[PDB]
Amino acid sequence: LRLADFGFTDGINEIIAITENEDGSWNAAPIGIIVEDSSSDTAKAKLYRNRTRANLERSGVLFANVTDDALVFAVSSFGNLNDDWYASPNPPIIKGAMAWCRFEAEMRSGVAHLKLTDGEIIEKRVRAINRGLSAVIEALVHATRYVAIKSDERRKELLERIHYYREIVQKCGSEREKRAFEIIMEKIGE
């Protein structure tokens, strides 16, 4: 199998990582899958102390959903998705996803070493470049840092970045990106 056949390129691919909880329910969270060669079946992801890492340590199985849905990224950055977000429970396939794939994973020093074993394209799409989508994704990077730090000066700097990206989403984004951004603002206490 080739990573490129499921929407991955070399570089870092921001996807929704779906992993099985101990009770059999799914956990969904954004992660960046790092790819050196998209013609290959190997990749990796460096994971923080979160449910994704805890599940992969136990199960060694990671599903990925390839999606450009700002809302799914915003919600899953701050909490789990509910069953209502899924079009399919097995394999797990969030509504609106363009593709899914399955990786076997081996954790070493906080890095999930991945081997692609299955997947399918669900829906190819066309969308013009949208800076509002870019802005939601960047804001998520800063907001997730913002909530993890106590420094008032560092937080001030991050909030300025978040406001900068908010102006872009308000000007450029579709209603879906604007909705996603309001989730970010709510979650961080703004």
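In case it trips you up, residue 1 is the first one in the sequence shown, and so on.
#### Entry: Stretch with the greater mean C-alpha B-factor as recorded in the entry, comparing 145-153 against 121-129
Per the deposited B-factors, the answer is 145-153.
### Query
Can you tell me which stretch has the higher mean Cα B-factor, 79-87 or 96-104?
For C-alpha atoms only, the mean B-factor is higher in 79-87.
### Residue, from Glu20, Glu167, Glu14, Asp10, that the PDB entry assigns the highest Cα B-factor
In the PDB entry, the greatest C-alpha B-factor among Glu20, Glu167, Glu14, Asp10 is found at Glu20.
### Query
Within this chain, which third does the Cα B-factor at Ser38 fall in: lowest, middle or highest?
For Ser38, the deposited C-alpha B-factor lands in the middle third.
### Task
Compare the C-alpha B factor of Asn65 with those of the other modelled residues in its chain, then answer lowest, middle or highest third.
Bottom third by C-alpha B-factor.
### Query
Is the Cα B-factor recorded for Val136 in the lowest, middle or highest third of its chain?
Lowest third of the chain for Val136's C-alpha B-factor.
### Query
Is the Cα B-factor recorded for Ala29 in the lowest, middle or highest third of its chain?
Ranked within chain, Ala29 CA B lands in the lowest tercile.
### CA B-factor placement of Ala54, once the chain's modelled residues are sorted into thirds
For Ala54, whose C-alpha B-factor we compare with every modelled residue in the chain, the answer is the middle third.
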